[PDB]
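Shown next as structure tokens: one chain only, the form deposited in one PDB entry.
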């Protein structure tokens, strides 16, 4: 772009699992029926610490999706990594979110954005059904003009898959799918792609290599929650990734708070302090000179990691956190500033 340049190397983690009565005949993923002790239910008493400018919205409302794409466009975010479960599983307490992918791709395309996939730890996820599911994703969505591909050092452009909780499956199983020799190898097929493992522990570095993964990411917004999410380890991981031609993708967040659904977890709470926590993380990511940067999150409201517009709100039961004294778009604007800084700086790397 020009006065709105889209950073194609900036990815944001995006969730399509919210529902309300209007569009889904019910409230879905806005509170948690884990607190009977209800007079604590939407649209007023959502479980999230912050309150969305769009209300207790529906991910399938196309005006919502539009708005989301406008907001991501204003942050200069080129790519959303969409949370994905397969359409053939038990997991989702609702209608399968794979149903929305085609709309999300269309709306994404209006605004010149791209969609990549963030594969959730669905039930019995293993190498075998991952093969089926990777095929499904590429067959169904791979030719859509908004489908994301990343250009390798070669020039060869590939689909990307962030695999959340990748450590759950053993390296010998990953290797069946992700090494050339593997019995179910996607290598050199039209199903090939760049698979990015979620690194939690230092130990995982070596497992990840062994497995045949093409990159690593860190996910968690709380600096210090894991070895991977701790900024002080990022230089070291970057070094390791460069040594072995892995794509290092640090994940930066604006803060963290989930005490609504986990009252005991105040240790992992990180106050936003008017954007400074965000800027500290962004800064530490840029310092590694990374090939990509990921943002946790566009709209993970339950973990309090969202950059999506939030508004002040008080009810009889709840006073929500908010972005005062700044505007609901504070994090979109901070993201734009740091995106531009990242475009400029990246153009100078090897």
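Rigid core: the largest C-alpha set superposing within 1.5 Å between the two forms. Positions refer to the first chain, counted from 1.
Beyond what is shown, the protein has a form deposited in another entry; the following relates to that form.
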- Comparing between this form and the one not shown on the core: of 165, 92, 207, 192, the CA moving 2 angstroms or more sits at 92
- Message: Relative to the superposed rigid core, does residue 152 relocate between this form and the one not shown - that is, does its Cα move 2 Å or more?
- Response: yes
- Message: Just to spell it out: taking the C-alpha atom of residue 90 and the C-alpha atom of residue 141, is that distance smaller or larger in the other entry than in the structure shown here, given it changes by 3 Å or more?
- Response: closer
- Query: Would one find the Cα atoms of residue 90 and residue 258 closer or farther in the other entry than in this form, where their distance changes by 3 Å or more?
  - Reply: closer
